[PDB]
Amino acid sequence: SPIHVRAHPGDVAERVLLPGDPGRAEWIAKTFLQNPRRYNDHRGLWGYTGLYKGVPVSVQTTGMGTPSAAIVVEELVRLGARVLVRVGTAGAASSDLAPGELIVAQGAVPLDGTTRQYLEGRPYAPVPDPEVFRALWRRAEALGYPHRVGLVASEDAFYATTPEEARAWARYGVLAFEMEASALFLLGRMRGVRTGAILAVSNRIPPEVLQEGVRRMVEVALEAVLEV
Amino acid sequence: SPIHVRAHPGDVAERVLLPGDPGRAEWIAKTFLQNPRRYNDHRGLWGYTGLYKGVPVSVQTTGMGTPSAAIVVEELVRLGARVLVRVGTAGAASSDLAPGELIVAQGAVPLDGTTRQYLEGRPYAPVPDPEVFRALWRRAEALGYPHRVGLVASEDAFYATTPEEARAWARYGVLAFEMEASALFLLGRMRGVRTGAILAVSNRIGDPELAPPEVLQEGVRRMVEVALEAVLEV
Amino acid sequence: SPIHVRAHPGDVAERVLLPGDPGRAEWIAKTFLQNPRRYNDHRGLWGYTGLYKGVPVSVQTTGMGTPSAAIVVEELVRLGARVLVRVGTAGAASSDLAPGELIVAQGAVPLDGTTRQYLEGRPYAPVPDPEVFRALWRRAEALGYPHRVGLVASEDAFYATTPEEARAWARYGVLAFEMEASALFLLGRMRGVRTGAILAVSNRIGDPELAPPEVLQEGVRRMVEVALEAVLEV
Amino acid sequence: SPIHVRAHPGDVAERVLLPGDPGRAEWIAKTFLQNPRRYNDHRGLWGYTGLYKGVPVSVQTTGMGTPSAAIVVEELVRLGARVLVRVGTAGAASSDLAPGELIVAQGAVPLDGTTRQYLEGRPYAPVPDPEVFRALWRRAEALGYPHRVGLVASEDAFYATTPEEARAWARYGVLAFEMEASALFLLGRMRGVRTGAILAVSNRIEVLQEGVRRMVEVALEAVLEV
Amino acid sequence: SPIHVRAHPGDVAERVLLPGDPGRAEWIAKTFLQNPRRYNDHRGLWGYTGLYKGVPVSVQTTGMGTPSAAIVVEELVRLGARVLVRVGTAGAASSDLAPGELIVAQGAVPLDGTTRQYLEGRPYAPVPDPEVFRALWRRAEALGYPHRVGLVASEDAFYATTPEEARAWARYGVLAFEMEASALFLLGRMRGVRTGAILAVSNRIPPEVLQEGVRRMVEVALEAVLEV
Amino acid sequence: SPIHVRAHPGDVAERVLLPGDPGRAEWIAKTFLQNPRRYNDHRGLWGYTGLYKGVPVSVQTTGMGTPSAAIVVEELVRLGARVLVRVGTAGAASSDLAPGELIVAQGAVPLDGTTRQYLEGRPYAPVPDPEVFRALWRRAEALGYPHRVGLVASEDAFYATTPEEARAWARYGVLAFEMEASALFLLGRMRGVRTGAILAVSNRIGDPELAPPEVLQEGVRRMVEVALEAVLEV
């Protein structure tokens, strides 16, 4: 059994959603999955496996930051995960992005040290698996949910980035900041698995507004993993 | 008029293909466009504008390397270019890529100093415009041409990269190596234009020569056709 | 109220223990504290406050990695935390360290991107508050549990470090690897609060599994007792 | 035959001038060389060979940027080139440089990614071959053309450098900016050939044409000396 | 015989003080040691050995900067040095430090190229040997000499650092700047020897005020090396 | 008065030789200068001023390493130094260089942290003043002393460089390693003064000891003669 996600291969489905908040993992499992079973609660990394339209799907908590996410992804891959889609929130890098809007991550600027360590400081362009990316985009359109498609930036120091710095990055295509995508994308290529990310804007660097965005994001992710 | 591409607005169309070789730019203009007109020859950066299925389309030589490509892209944008698609050859990093095969660039690892200077050494993920990327992929599928979709790596030193380094990069998703995409993708975001890149594999890293001129030529034709059909969609 | 640790200033004590595992935080609170109350469970970041030998003490989950720990530390300071001692596990880099042994962190090699971001890539020597460090060392000596005093390395990629690399770092003084110390130490100086870290060796770099639960749990108990005794000394 | 400069060893002389612009390569050939002949036009990298005062001299287009120049220099070396002198224009970083003024490059600050890739990010001091440098300086003095001897900076992003940054570099000895010297100098040492660079200030970050003419005359006289 | 410190086995004691100034090395030897002897003067790196309270103790000039200090340390270690304590001055980065005040270095921010070369550019946290560090702190206390315990920054370009930059570093815990500690600490760990550093504030980025500081500093270092 | 070189404007001439070893500075002052006077001995940074062929020349000890040399150069400039030429020894990186052979430094690879700090990590090409460089070269040729003209590398960690790394650098043009030139050259441009460097090979990297004092001493003599002649010509 893996060190942090203490489960066995048979407990995890090939298709996995990756929320950062365990509270959100629980909500997703109970709201969208049939017969959800929590296969792991060790370290608070709540992980569930259930069925969505007859297809097994797991929802695994990653925690915050690429170091935590990388540990979870590495172990999930060992457990048989083949398609992994991060679902979470992100702070808008510019004033034009309103809370609740969806972002299909086309790539992730690696401002984190986890990718840096794996890469030994070499340049890189973290991108999702092309088919998963395409599926997320298509499903968002099919469901008629407004969304943006583009870059996000994965950072390490939540409280270091100033609003001015965020807007500076926006001039380079960065739509929002989060703390997990870059590592997920890198590991997707390193470990030969398919990955993707879709986010809901929670603030610009409204209870029902954000929640509806999260619900849409999850629905899109679930529909997309069934497409691959 | 710009310093290098000495054209005047009106000469350049909103949609532009970006081959690296001027001889290829000429061939593209005469082979696919109706009423091809050369608007620039300064510094050998041959540029043409003609009609493709009734739509204005320019073909502009970028030269080799991101510094050259960046100068050309910057000036084209200043002239009103809106959609720019690089078309060229690339060296396969894996043994899974057969010569003549097409690669729709999903992103470009920035191993070049041009993006580095523009970014002041900061990390970045050079990616094409999502719509252009999608169009290139869809067109390749519609025309039934075999293709791979994924990362390429943009380098500065053509003769520095070894087969060992190439295979190492392939383990991180790099399909092939070329020398212009990263800067094109970065400028696309910086200057607000829609960019993309589609390449034809001309060889494997470490090869003294390029694949058969025939197998490559058919790849170049397909690549160009896909690019043309794509820019019309955006 | 803070974004992640959703508590109110009155909920958190000046003295706080920082385990990485929420299950460990719960065990510490229930095992060592009188009148323990959980003031936060949002994001699974379980935080408790109780009394230890008549002195208020909080136990706050940090999660794994400096990005998570930094968020928790920044918010804890806003909530009134003044003395923060990390208590966690570490993978021995040397063969000299055995599972269950304690390590009082004299400093932390910053192999993480969180300190790097705060420092804008500049060099630094993450070190605990001197008084806290002194108290942890003194208490470890007094209790008599096997321990070492020295450097640890705070890394981001748990699964990237090979046994070969670990041994190389040991030649430079690194006793073990963990994933939070560097950021805590940096923030201690930046925010003007007193920090420290004591760890229990849970394995050797390269091991597929952690040491026997019995061994590991005893090491954890010893480490917490030392930390609790130490925070009362400052 | 090399991949980009599709020439034969017999086509390239031991002494080569390296202009960046093909139109300038042509002008140099037809203006200074006897019986000039073009041995390559592939990829627009026009290369010519002719006689200068009875000595064979080639004029090869490098294109813009160190990546393009490195490809050209690597191939020229494989073709037998022994002495390579870059001739081109530069953007003055300092105010004391007037348009048309000549600069004999003593060294080149490597702000480019090509030298960075060859060096794997390690520090370096790109310098020309001692003898070629000495000859360029001496010839510029003989012909009596106003010149300066010092550092230039080779960059990748033509449109990224601001006047403020240029002025900052000038405080460290940078006289002007260009985009090829660093890689040429590095390859000179790496490949065992003699390189040098002389430039004509075309701007501040027939005036320029005369500078170009003087620049070329100096280079031709200098390569004959080595 | 070593290349720079041209001494031989038998000239250097296991316990060594490392002043940067040769004039100070001389003063220390004549002032605190019995039957002092200068075993080296080559390159001005004056080195002496004598007895302090019956214990052999060497006083070796390091010169200025980590490159010079690394050379001296490497050679001293080869000659038998096992406990090395740097004694010297530093420029206060903060406004709370008064000239002559003592600083027991808990660690040294590596802003130098010597440590960088040895480490091949990798991150590091230069710290003294814990026992020596502890001894210096304890002796300063026992002797009742006012002292501060914390970080110093080891730099290469004495004249490049501005008061503004110094103040910035102070906000990160840097008490003062000097030019030798980082390399001493790194080599201590690399060569398996015990090192430490105690400094007297000489300025901020009075003769007897500083001299008394220097005297207290040396006395503390001497007592500390006998303690380990 | 400067902090380290405790002298005053009057003690130092416009022309200065910069040996690293104070014992060599003394030997030079007494062997080539007339009416030599030592104006500083603080920190063992022995500095003398006398007349060479009726011209005032100073000989100032720099110490070892760019940090020490940088301090000395900065203060010398404040004291009125206008032409400064380093004279010292170097470890051959190549196998073709023989102990005692001279090297006129055309440039210095900056592998040191001093220039890095001054430059804030930016790339640079440390070079001497062109006229001083020319003077040294011409003088060496005139006197007919065997010499080489080219790059040296200025390093910080004398004991870190291996023969293997030295040989690798030789393939990129590095003739020998030393520890001061890069900073001297950089400050020359920064402070607007004329600098240069001429060295005598004292050993080949990897050698436990230097070459015979005889062979080496003669090299040192020629080097100083060349340097002294040169400074009087600019």
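Which chain is which? They are A, B, C, D, E and F, in the order written, and residues in each are numbered from 1.
In this section, a contact is a pair of C-beta atoms (placed from the backbone, for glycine too) under 8 Å apart; a residue touches a chain by one contact, two chains touch by 3 or more.
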For this session: Count the smallest number of chain-to-chain hops linking chain A with chain F, moving only between touching chains.
Result: 3
For this session: Indicate the lowest number of steps between chain D and chain F, counting one step per move to a touching chain.
Result: 1
Exercise. Which chains does chain D share as contact partners with chain E?
Worked result: F
For this session: Please state whether B-D or C-E has more C-beta contact pairs across its interface.
Result: B-D
For this session: Let me have the rounded angstrom distance from the C-alpha centre of chain B over to the C-alpha centre of chain C, please.
Result: 50
Problem set entry | Gap in Å, rounded to a whole number, between the CA centres of chain D and chain C | 58
Seminar exercise, completed: The positions of chain A in contact with two or more other chains are 111
Exercise. Can you list the ring's chains in order, from chain C toward chain E?
Worked result: C, E, F, D, B, A
Exercise. Taking the complex as given, what residues does chain A use to touch chain C?
Worked result: 3-4, 20-23, 42-46, 61, 63-68, 70-71, 74, 111-114, 116-118, 155-161, 179
For this session: Would you pull the chain C residues touching chain E in the complex into a rising list?
Result: 106-111, 119, 122-127, 130, 133-134, 137, 149-151, 171-173, 182, 186, 189-190
